[PDB]
Amino acid sequence: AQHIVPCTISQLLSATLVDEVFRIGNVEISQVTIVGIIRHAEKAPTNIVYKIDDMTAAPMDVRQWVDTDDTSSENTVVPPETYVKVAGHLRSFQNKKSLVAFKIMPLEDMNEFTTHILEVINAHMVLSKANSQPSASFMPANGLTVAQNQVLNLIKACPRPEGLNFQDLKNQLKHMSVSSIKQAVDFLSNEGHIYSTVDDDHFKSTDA
Amino acid sequence: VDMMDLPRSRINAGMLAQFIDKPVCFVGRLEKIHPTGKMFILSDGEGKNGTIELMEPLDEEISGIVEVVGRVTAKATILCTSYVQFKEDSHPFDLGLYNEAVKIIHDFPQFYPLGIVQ
Amino acid sequence: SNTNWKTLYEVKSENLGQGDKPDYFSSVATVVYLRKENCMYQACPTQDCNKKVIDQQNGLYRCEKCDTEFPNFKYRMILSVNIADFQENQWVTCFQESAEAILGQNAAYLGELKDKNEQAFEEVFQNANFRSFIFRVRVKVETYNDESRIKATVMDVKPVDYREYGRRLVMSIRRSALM
Amino acid sequence: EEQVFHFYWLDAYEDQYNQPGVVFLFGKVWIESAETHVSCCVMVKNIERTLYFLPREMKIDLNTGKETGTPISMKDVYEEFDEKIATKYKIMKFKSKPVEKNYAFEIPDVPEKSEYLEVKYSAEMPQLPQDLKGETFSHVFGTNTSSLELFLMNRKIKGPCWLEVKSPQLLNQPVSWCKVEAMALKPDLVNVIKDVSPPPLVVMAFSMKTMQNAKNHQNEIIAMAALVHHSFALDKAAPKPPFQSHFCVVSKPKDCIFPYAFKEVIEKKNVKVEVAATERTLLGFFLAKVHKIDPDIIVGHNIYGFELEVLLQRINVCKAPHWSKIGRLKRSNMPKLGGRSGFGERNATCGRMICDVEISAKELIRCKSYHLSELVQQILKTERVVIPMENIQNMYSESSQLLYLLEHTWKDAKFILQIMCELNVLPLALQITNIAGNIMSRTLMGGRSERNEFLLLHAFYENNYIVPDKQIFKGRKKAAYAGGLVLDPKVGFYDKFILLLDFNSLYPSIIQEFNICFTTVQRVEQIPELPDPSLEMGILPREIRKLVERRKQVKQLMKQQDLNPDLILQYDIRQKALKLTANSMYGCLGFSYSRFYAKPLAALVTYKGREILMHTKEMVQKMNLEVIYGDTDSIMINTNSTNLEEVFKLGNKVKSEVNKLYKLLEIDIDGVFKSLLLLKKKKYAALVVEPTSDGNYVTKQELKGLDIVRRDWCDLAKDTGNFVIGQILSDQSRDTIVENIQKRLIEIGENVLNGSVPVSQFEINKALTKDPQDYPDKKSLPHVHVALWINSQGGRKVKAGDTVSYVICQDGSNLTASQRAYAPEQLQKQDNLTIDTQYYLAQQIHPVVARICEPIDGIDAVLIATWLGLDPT
DNA sequence: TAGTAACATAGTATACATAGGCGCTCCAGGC
Ligand SMILES: Nc1ccn([C@H]2C[C@H](O)[C@@H](COP(=O)(O)OP(=O)(O)OP(=O)(O)O)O2)c(=O)n1
Ligand SMILES: [Mg+2]
Ligand SMILES: [Zn+2]
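Protein chains in written order, with the UniProt record's numbering: chain A, 43 to 178, 198 to 269; chain B, 2 to 119; chain C, 438 to 616; chain D, 337 to 809, 832 to 882, 896 to 1244.
Here it is in structure tokens:
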């Protein structure tokens, strides 16, 4: 979302929860990466668990959510005593931490551990001083703007059984950007004024 | 309490005697193996040596870079519990940058906490 | 010569590219997001010509730069990627050779899956996510309709090296130790 | 936000695994600008757990289990909780205070009245074990109480009622699909203000059609219909017409193209029907329409069993967007489908209440089968035509067939709505929920244990007690204790006059009379001792009194004359429902898995019932009167007279003499029989005398327990038995009766041999207790064999609770009669099948007639066999 | 370090089932 930050599982577990935001002291973390050894893995019908270890604290559990239909990477479970790099975001549940695995990669060059530890120390120092410095009625409320009104009228006017697509919408309206088209379409679909017919790019009004 | 449940600091051959009765990981350049197989010698890349002993003689042929997990004994020797051989088929490993990494880590241990720090 | 190693936070703080000439610097980062929409377009098949051709709904495409009509076209890679490092993130745009190096497959190869195997195309995009490289980026600031928008152009991507990178990191941490 | 905020809640929901300590409320709110009601959602946070710690009298060390001779106090308990438990189980913030409570339940070694320690803390902290023990405390209560129950019993909310919120807030982001949202900080601000009339709701009734494709073995949706009413009153009469708007949508499954000029025909007929391209378009249109209409009650047939699961599965497979619009809560991960008994389906439609007519029909009335055709035939008086699944594909050739299919679907939806309005389900459900206090969607779901549990919970909470904590954790089983008593009958035929006497609400009156309650009766199979007759009424007697007094007013309304028959039927159904609720409240005391299990409490009631029946029988026999029958609360008297006024006077005298003794118990005349035919226990037939006065009275047939009311005999045998028993009770000479019976039997035999009877009068109906695949001995079970064949052949996926019909065919394979059962469609379609006449003449008519005619001289089994011509020798 | 386009940029796991009582006949099949 914003920036990945290398860290260590010791810092991960020592982090605290404040208003859905995990802070290790005065350091905010949302996505993290860690490099370590897998000691034991357990196979679930859908998920796969791993026992990562960075020799800084007790071994940690990492959960990788894989769909059992895609029999591509689950059959390639990494054998033990292998050093791998894990990128993902952590999760908290009943005062025991957990890790969600966005990506798992076996490590080929083995100077990467020292590079990773240097990243950890340097980033921790830099961002710790970066936070260390100071100065851091109930109505339905309806109403549509003119742009959304034009979009709705354009959607309504078409006689095609499958409805309009994005190309025609962009062609007819040259007075506003594509992003405005996307926002108006999203809002109209959320309010139920339009619905998709076949694909996500086809739309049609519901009243007609 | 098995050793894999406790923190193991990375200590080179420089400060072997300062971590007595403490878990420790060591890595480096294999030099010589005793014919018995219970113990061997290791190089830290700085010209210094460190000896490792095992309760049972080693059964497999070892070579290349190796790391050992153990504890410093009264004789400043390492009682190994596990070891892993490091790959050298593709990329060389430069131990000097590793050593300076240990020096830097010891320089600022606060940002690399050992154990659970409250 | 030597790459002007600069964190993106420093790049946005000093206002790189606000001068009359663009500024050049390179950095290592990891890809966090890519856009698969509008990524493919038809370029002019004439040699050393890359103007976007216009379909005439007849199987023959006429190029305005060469004023010439051809029955075939060549695919050309255009991509927008979200680069991100430990501190900040940036939006960059690639070209044929750089995106082809990043993805690892030539454009004509991709010309088949988008027509016959969408799943394989999605898989190819997927397996290249969360990779780290060294990108040379040139920054310049152009104004369009009275707002200044910073744009990033990348002309070279390379695999990450560890020796000199580690030496530079050690040098920087030593330097910050005094400060 | 402006001071107060009034709204009327309908449904509640909570999630203790993702958003602990929050409770959602959905309902209606009045808007002055538009002069209408709109949907609203209010979400409540900060619900704290409550624990009660029981101090000891002497300090016992755990390791040794001995007393150290040290007195105890509240300070010691506080110190032990703070120092040991809080640090061990990671509890940071808490509030503690001593209180007084009363306990009168199963847990032993607890004083009736004592001082407890009340501890409250936020729900996000871990949960203590259910069996905690300490140095100074011996027990704890309320460790695993849910948040919804805590909120409901703390705020004294009893069903739907008007609520007010003090100092609301505004959410940063939308959560629900409601028009207006609100936020409450603490459950202290919510107050009950119910003193006014409820607002109207919006009702939607719907039904769809399905077809099975040959290539892909899945069920597709090809047509839908829906009817909407906008101002459905909740407490008044059902509006007429019951619908105000409607819509229909049709689509082609995957390949077949619509017949040519279909759109032109639709325009010509000016029908508001929407054509779609693929299934995804239909699903999207349906979701958009339900979101736009915003219904509050969705009514359909077999919703929970088949329709909802198919709809959700097709939504998942077709990858349609915005599946959560079917409910009211924004969710993206759909719950696991099928799962346990209706858990996933109920969770999928959160915020919207589902009304299935099948469950309501099962609860309220009694039928031989519960498919839509039978319900239409019985509740209404109309015929519904059934379209086989096979022909559906063929109807895709001409536009007229498609229009007929759409009209049939619309008619099906209209029939469902008419049945729901006729049965008067919504007012009854609302009244029951307001009486009990649970969530009324669960009331619509069914079941009798939850209502009683919630009623007792409310009654005990209101009276400053402590309730037991929740337990962690097919066919009728073996009996556990003695039940009622049935007197020895006096078999035969009676002609002079029969009188019937009966008690009113025997078991509630027993409970109210003898002051039987959890608190009062002291429990150490042995029947306990009666309570001391100087105490006060317990909670159970008062609740039973309220429930039994709620019925006398309905009976008084019934007694009024000049009423339309439908209103009489509705009142009768309501009174029967109230009686069943009271009886269920009694019977829950014997449920093994119940929260208030207590066996002696019911054994005492049954023992007193038997004793009272004995005493009444002896007292009646003392007056030189002959007693012939009685069934655990009633007495039959043979007056041996003809004058009616004498019988009335004798009954009045007996009633006056009996009522003179007891305090609350009462007796009454339940009927006067002109002639009675008694066969066995709980098996008789009689003519009930209805006094119309004015010098005349009308006699009506009545049967009890015979093989004429059972659902597992063929219609031919039932008709023959009804005719014979009608002839027997008539006033004629015996010889004429014998001759008429013989002539009727000879005609029946000749007609059956000739094969002139319709096919329909041969079916046998049975029901399945379990799933068809769970019977190891399917070889000899016909209603399992036919069910398995139906399941394996096509669709409709017959399951537990359904009814299966079958007939016996002649396959020419010299097998037993029980292994040659076939469905009626198989008999009609296949050519090598015919109705087995000998089996039907030997095992269906002969036993019934023989059993009915047993106590009549001149007719015997061998004569019956000879009359049918069934090879006499 | 020409040539490229158009104009801002995205959340996803899970975990938790309900069900009033007993008394008195019927049938199918093997022993
Ligand atoms: N579904 C039922 C019906 C009856 N009973 C038991 C409890 C009753 O006390 C007893 C007598 O039932 P009656 O049918 O004779 O009904 P009541 O005497 O309670 O009421 P009413 O005055 O309507 O006859 O049978 C029961 O447990 N469950
Ligand atoms: Mg009764
Ligand atoms: Zn050109």
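Positions of the beta carbon are idealized from the N, C-alpha and C atoms, including for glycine.
Remark: C-beta atoms of D/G663 and D/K672 do not approach each other more closely than 7 Å. Put simply, of D/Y732, D/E900 and D/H475 the residue whose alpha carbon is nearest the alpha carbon of D/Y978 is D/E900. As for any alpha helix (DSSP H) of minimum length 4 sitting wholly inside the region 1038 to 1126 of chain D, the runs are 1086 to 1100 and 1105 to 1125, ordered along the chain.
For D/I999, the CB contacts under 6 Å within the same chain, skipping 5 residues up- and downstream, are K848, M1007 and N1009 in chain order. In this model, D/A562 and D/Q737 are separated by some 20 Å (Cα to Cα).
Rounded to the nearest angstrom, the gap between the Cα atoms of D/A974 and D/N774 is 29 Å. Closest by C-alpha distance to A/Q106, out of A/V120, A/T98 and A/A99, is A/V120.
Within the region 137 to 157 of chain A, the residues whose Cβ lies closer than 9 Å to any Cβ of chain C are, in chain order, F144, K145, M147, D151, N153, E154, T156 and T157. Put simply, the backbone Cα of D/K628 is about 44 Å away from that of C/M514.
Straight through space, the alpha carbons of A/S238 and C/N495 are spaced by roughly 30 Å.
For the 7 Å CB-CB criterion, C/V448 and C/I571 do not form a contact. Beyond the five residues adjoining it in sequence on each side, D/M776 comes within less than 7 Å, by CB distance, of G495, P496, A765, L766 and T769 in the same chain, given in chain order.
Around the beta carbon of D/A541, 16 or more other beta carbons lie within 10 angstroms, which makes this residue buried. From the beta-carbon of B/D95, the residues of chain C found nearer than 8 Å are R600. If you check each beta-carbon in the region 463 to 482 of chain D against every beta-carbon of chain A, none falls closer than 8 Å. The DSSP-derived three-state label of D/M461 is coil. Residues of the region 75 to 105 of chain B with a Cβ closer than 7 Å to any Cβ of chain A, in chain order: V85, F87, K88, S91, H92, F94, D95, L98, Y99, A102 and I105.
Residue contact with chain B for C/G603: present (Cβ-Cβ distance below 7 Å to some residue of chain B). Per the Cβ contact rule, the region 1014 to 1028 of chain D is not in contact with the region 1071 to 1082 of chain D (fewer than 3 Cβ pairs under 8 Å). CA-to-CA, the gap between D/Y425 and A/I94 works out to about 27 Å. Less than 7 Å separates the beta-carbon of B/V103 from that of B/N13.
Separation of the CB atoms of D/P912 and D/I868 is rounded to 10 Å, and the pair is thereby denied contact status at 8 Å.
The bridge partners DSSP lists for D/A772 come to none. One Cα belongs to B/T52, the other to B/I34, and the distance between them is close to 10 Å. Scanning chain C for C-beta atoms nearer than 9 Å to the C-beta of A/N164 yields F523, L606, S609, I610 and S613, reported in chain order. When distances are taken from the beta-carbon of C/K502 to the heavy atoms of ligand 3, the shortest one is below 6 Å. Collapsing the DSSP output to three states places D/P1218 in a helix. C/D593 carries a strand assignment under DSSP once its states are collapsed to helix, strand and coil. Chain-ordered, the chain A residues with CB closer than 9 Å to the CB of C/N566 read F144 and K145. Cβ-Cβ distances below 7 Å link B/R9 to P24, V25, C26 and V70 in the same chain, with the five nearest sequence neighbours on each side left out; the list follows chain order. In this chain, the alpha helix (DSSP H) harbouring D/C757 covers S735 to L759.
Per DSSP, A/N164 is one residue of the alpha helix (DSSP H) stretching across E154 to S174.
When the five nearest sequence neighbours on each side are left out, the beta carbons in the same chain lying within less than 8 Å of the beta carbon of D/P804 are those of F441, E442, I443, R966 and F967, in order along the chain. Remark: C-beta atoms of D/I728 and D/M547 approach each other more closely than 7 Å.
When only Cα atoms are considered, D/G1183 and D/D748 end up about 41 Å apart.
Approximately 30 Å separates the beta-carbon atoms of D/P356 and D/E451; this is outside 8 Å, ruling out the contact.
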